[PDB]
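Protein chains: 4
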Amino acid sequence: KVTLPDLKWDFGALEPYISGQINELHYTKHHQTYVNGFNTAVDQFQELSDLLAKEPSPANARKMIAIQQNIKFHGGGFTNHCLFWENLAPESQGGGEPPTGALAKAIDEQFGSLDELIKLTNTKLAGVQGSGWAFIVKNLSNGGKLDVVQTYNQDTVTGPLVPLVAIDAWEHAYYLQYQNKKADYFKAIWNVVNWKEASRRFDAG
Amino acid sequence: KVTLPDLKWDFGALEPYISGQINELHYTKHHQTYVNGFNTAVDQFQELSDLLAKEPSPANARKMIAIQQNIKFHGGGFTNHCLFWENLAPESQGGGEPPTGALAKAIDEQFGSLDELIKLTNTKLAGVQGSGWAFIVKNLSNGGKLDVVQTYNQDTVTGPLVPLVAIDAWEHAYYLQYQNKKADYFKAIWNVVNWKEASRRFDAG
Amino acid sequence: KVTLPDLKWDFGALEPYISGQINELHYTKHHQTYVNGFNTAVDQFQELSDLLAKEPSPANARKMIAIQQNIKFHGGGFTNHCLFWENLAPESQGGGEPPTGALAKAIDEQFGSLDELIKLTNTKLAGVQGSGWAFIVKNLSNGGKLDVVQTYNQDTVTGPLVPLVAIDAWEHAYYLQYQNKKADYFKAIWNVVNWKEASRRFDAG
Amino acid sequence: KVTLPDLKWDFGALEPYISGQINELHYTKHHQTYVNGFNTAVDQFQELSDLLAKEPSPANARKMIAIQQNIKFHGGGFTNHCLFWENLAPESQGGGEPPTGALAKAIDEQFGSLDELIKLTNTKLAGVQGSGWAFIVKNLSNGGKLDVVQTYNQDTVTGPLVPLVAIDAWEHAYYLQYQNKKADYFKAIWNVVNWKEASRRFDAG
Ligand SMILES: [Fe+3]
Ligand SMILES: [Fe+3]
Ligand SMILES: [Fe+3]
Ligand SMILES: [Fe+3]
Numbered sequence: 027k028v029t030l031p032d033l034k035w036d037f038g039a040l041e042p043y044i045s046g047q048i049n050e051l052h053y054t055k056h057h058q059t060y061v062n063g064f065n066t067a068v069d070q071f072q073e074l075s076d077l078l079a080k081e082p083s084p085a086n087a088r089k090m091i092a093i094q095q096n097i098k099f100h101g102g103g104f105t106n107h108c109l110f111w112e113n114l115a116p117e118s119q120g121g122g123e124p125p126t127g128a129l130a131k132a133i134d135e136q137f138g139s140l141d142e143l144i145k146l147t148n149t150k151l152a153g154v155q156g157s158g159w160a161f162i163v164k165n166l167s168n169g170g171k172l173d174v175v176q177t178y179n180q181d182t183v184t185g186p187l188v189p190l191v192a193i194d195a196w197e198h199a200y201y202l203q204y205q206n207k208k209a210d211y212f213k214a215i216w217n218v219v220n221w222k223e224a225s226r227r228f229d230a231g
Numbered sequence: 027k028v029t030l031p032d033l034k035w036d037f038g039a040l041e042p043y044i045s046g047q048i049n050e051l052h053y054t055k056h057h058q059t060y061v062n063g064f065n066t067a068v069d070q071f072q073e074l075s076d077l078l079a080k081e082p083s084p085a086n087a088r089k090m091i092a093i094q095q096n097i098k099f100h101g102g103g104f105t106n107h108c109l110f111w112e113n114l115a116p117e118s119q120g121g122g123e124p125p126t127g128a129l130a131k132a133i134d135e136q137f138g139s140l141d142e143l144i145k146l147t148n149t150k151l152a153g154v155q156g157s158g159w160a161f162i163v164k165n166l167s168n169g170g171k172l173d174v175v176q177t178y179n180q181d182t183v184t185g186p187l188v189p190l191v192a193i194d195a196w197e198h199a200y201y202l203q204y205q206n207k208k209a210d211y212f213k214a215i216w217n218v219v220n221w222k223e224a225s226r227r228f229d230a231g
Numbered sequence: 027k028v029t030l031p032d033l034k035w036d037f038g039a040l041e042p043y044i045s046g047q048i049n050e051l052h053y054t055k056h057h058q059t060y061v062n063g064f065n066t067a068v069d070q071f072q073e074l075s076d077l078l079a080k081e082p083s084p085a086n087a088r089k090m091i092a093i094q095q096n097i098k099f100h101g102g103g104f105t106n107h108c109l110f111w112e113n114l115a116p117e118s119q120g121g122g123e124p125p126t127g128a129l130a131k132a133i134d135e136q137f138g139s140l141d142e143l144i145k146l147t148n149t150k151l152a153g154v155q156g157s158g159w160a161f162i163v164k165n166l167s168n169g170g171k172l173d174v175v176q177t178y179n180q181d182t183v184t185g186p187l188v189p190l191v192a193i194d195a196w197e198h199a200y201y202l203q204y205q206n207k208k209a210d211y212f213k214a215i216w217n218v219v220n221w222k223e224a225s226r227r228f229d230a231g
Numbered sequence: 027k028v029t030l031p032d033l034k035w036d037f038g039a040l041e042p043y044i045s046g047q048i049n050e051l052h053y054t055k056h057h058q059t060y061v062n063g064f065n066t067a068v069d070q071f072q073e074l075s076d077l078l079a080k081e082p083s084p085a086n087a088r089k090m091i092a093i094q095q096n097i098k099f100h101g102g103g104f105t106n107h108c109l110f111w112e113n114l115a116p117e118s119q120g121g122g123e124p125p126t127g128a129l130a131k132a133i134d135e136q137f138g139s140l141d142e143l144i145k146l147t148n149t150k151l152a153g154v155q156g157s158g159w160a161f162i163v164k165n166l167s168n169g170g171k172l173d174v175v176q177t178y179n180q181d182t183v184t185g186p187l188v189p190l191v192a193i194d195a196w197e198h199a200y201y202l203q204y205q206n207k208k209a210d211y212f213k214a215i216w217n218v219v220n221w222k223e224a225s226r227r228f229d230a231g
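Chains as they are written, first to last, in the UniProt record's numbering: chain A, 27 to 231; chain X, 27 to 231; chain Z, 27 to 231; chain S, 27 to 231.
Here it is as structure tokens:
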């Protein structure tokens, strides 16, 4: 069923900001594990669904409840990393270039400048007390306004919050290169953020 | 698919400990809503499963993630209330009579007496800071030892924790009769707890 | 230390939308319990602070960790209900009258109309799967934009999210009058929401 | 106020199971940050306490609520890592030697063997979906029975759960050596677990 996506850059294309060593593990091992876990979880739930169809008991319901956590976690890991690679690019492919169009206008109007939005996001990233993510989002329910939200583990933004830029704050995203110095990673990553993709996501809603 | 279970007592059979007014609403309205929500949630997930089978995208994954919370919540509400009615009985049907067999032995060995186990459980119930449940459980992974655990909302015990007695701490479980005096409800309910059923659950594992 | 605030209306002043019976219990019992718990929690933490000052052990730290949950919960219950009464008013005191000034402008620009903002908030209230709150907020970090957020239990909005209108979704807020029909309560309460106060909160930031 | 504890082994004393490189960062950087954050958090709360003493407002309460998360997180990080080093030892100091006394008896009676308890704990560690910990505990409320519990982030065991062995599952605990292969780390660490200390903790309760 679900598979790893293809990359638009080889593993070392984001150096010196993110190492090829990190990207290789992050994609081939971490992302793949979420792919596998999500495939497995949805399979198990199909099976339990059929079991419940013939025997709709509290006992059968309990097992379904048990599996929904793995659907959430692995589904989240699958989708978050897909967002992540797609909002990263080498400088040679426009990584680090500022956003355009309606997204650029909204950023200036709401935050004053891109740098102010990046500062806010770095504060949110440093504030993740555990594993998690920060997302720059477009909120479709309050007039399409930008915000920045944190999630923990592989929780994600759904429904009316549209993700524009995802930034991974799990330690595996930086530890081999930056070790404990997560703030240096949060600072560096903007040099390869694909704001063209964020602008397209803002438009597509 | 899932339906409300039948009751072994008419709504007013647990008076003066739980009113007929409460039982009527709790069963016909609250439990039914969880039945409906669980049926609806599993349906939506079957649909999304088929959508993912043909198009395994991060976008399609996001929608599945979104629905798993309703599967957990409504599935939990369905199963918890099923446990609840089945561990309640009027005095005329042995409600309030102490447990028997291997459960009775474990209670005395671990807690000293039933009253001590009830005290602990009432402390756990009063400590639910929000809506939730206390469950007396048998833990299959540590040698079958008894414990008491709290859950919030419609979260439940799964896997190696076997529920023996479920006690509802949501305000709808008591408010019409006891209003804010939840401790009076926690005290009263033991008079109609079906420890015969708890003993059977302990044996069945 | 902290005490219950005074009310700007007698308990029955919000009828037929919220009963005097509910307001009496909600204020004299529920709010008072949070007042007491918050006072007690901060006292215990002062004591533990002094203990740690003389003996900064992991053991002493563990006890402080244990008490911070009661500070959060009771502190939240204290502050949320204070917000709540202050954003409610009888019709004779302007309850139900639409907001004014910069808040009114922001609502129309972001949501199209007050009714649309109320609809969104009612969706958020019905979506609280357990006990909790919805808050209409002003977000100071994204240019002062309005949003609506849910919290569970007595969790609250802090820091850059300024609460403008708080709506209690705990069952004790409605059960005596509406029982399970929470949607009827969410619909009715807007008739006595004090939008003058929300407008002042929006300005004061 | 709180400070880093002294180690009973130099950083490389747990090789080849945990590298000196990891221990150096884990102690000097990670643990120190929690020390600093806990000191800072308790200071801020003392200040807010005094502010509330003179002005017990919902506004002042909101700020205290805001700080309790940092007390929990950093307090937890401080205490968890203190537990951690104290339950690790080089083989030359008895690391890896089985527990003794009443703890050894309880393990055999409840789990059948130490290996079975270790297997269960490794399952719990691999099941932490994010950052967190597994703790082998003695539960004082159910007759002193052993169990294994998971926590997330720097959440900890408090009150009636006595921690006997703490095992860190944050990625920084293993990533430099094992990278994604967390199961290899969970397997290896038992070779340097200080079961003498766990046995003393079991006795001291
Ligand atoms: Fe990642
Ligand atoms: Fe219920
Ligand atoms: Fe309330
Ligand atoms: Fe650690």
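The beta-carbon is built from N, C-alpha and C at its ideal position, and this holds for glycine as well.
Under the three-state reduction of DSSP output, Z:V183 falls in the coil class, being neither helix nor strand.
A straight-line Cα-Cα distance of about 39 Å links A:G170 and X:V28. Counting C-beta atoms within 10 angstroms of its own C-beta, X:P42 has fewer than 16 neighbours from the protein chains shown and is therefore classed as exposed. Residue burial is scored here from C-beta neighbours: Z:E73 has fewer than 16 other C-beta atoms within 10 angstroms and is therefore classed as exposed. With contacts defined as CB atoms closer than 8 Å, S:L30 and S:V61 qualify as a contacting pair. Every residue with a CB closer than 6 Å to a heavy atom of ligand 3 is listed here in chain order: Z:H52, Z:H56, Z:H107, Z:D194, Z:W196, Z:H198 and Z:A199. By the rule that beta-carbons nearer than 8 Å mark a contact, Z:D173 touches chain A. Residue state for Z:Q72 is assigned as helix, using DSSP reduced to three classes. Contact with chain Z is absent for X:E135, since none of that chain's Cβ atoms lies less than 8 Å from the residue's Cβ. Here X:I44 carries a coil assignment [DSSP, helix/strand/coil]. Remark: fewer than three beta-carbon pairs, one from each stretch, lie closer than 8 Å, so the stretch 218–229 of chain X and the stretch 152–169 of chain Z are not flagged as touching. Secondary structure remark: continuous beta strand (DSSP E) runs of at least 3 residues inside the stretch 141–217 of chain X, in chain order: 158–165, 171–178 and 187–194. Between Z:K150 and S:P189, the alpha-carbon positions lie close to 40 Å from each other. For the stretch 193–224 of chain S, the residues whose beta carbon sits under 8 Å from a beta carbon of chain A are, in order, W196, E197, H198, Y201, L202, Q205 and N206. Along the stretch 91–104 of chain A, the positions whose C-beta sits under 7 Å from a C-beta of chain X are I91, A92, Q94, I97, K98, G101, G102 and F104, read in chain order.
If you look at X:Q95, you'll find it in the alpha helix (DSSP H) that goes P84 to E112. Spanning the alpha carbons of X:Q47 and X:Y200 requires a straight line of approximately 10 Å.
In this structure, DSSP gives Z:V61 a helical state, which the three-state scheme calls helix.
In the DSSP assignment, S:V219 is bridged to S:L114. Put simply, of S:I93, S:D36 and S:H52 the residue whose alpha carbon is nearest the alpha carbon of Z:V183 is S:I93. Secondary structure note for X:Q119: it is in no alpha helix (DSSP H), with a DSSP letter that is neither H nor E. For the stretch 154–182 of chain A, the set of residues with a beta-carbon nearer than 8 Å to any beta-carbon of chain S comprises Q155, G156, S157, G158, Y178, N179 and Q180, in chain order. Contact between X:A192 and X:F212 does not hold, since the beta-carbon distance rounds to 13 Å and is not under 8 Å.
Residue environment: S:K131 is assigned as exposed (fewer than 16 neighbouring CB atoms within 10 Å of its CB, all protein chains considered). The Cβ neighbour count for A:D173, taken over all protein chains shown within 10 Å, is at least 16; the residue is labelled buried. When only Cα atoms are considered, Z:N148 and X:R88 end up about 24 Å apart. Proximity of chain Z to A:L146 at the Cβ level (cut-off 7 Å) is accounted for by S167, in chain order.
Buried is the label assigned to S:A195, since at least 16 other Cβ atoms lie within 10 Å of its Cβ. Our two residues, A:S83 and A:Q95, have alpha carbons roughly 20 Å apart in a direct line. At a C-beta separation below 7 Å, S:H57 has no neighbours in chain A, since its nearest C-beta there lies roughly 10 Å away.
With at least 16 other beta carbons inside 10 angstroms of its own, X:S157 counts as buried. Residues of the same chain with a CB within less than 8 Å of the CB of X:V163, apart from the 5 flanking positions on each side, are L172, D173, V174, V175, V183, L187, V188, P189 and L190 in chain order. Taking C-beta separations shorter than 6 Å and ignoring five residues to either side along the sequence, the partners of S:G103 in its chain run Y60 and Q180, following chain order.
Pairing A:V218 with A:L146 gives a Cβ-Cβ distance that is not under 8 Å. Under the Cβ distance rule, A:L51 counts among the residues neighbouring chain S, one pair being separated by less than 8 Å.
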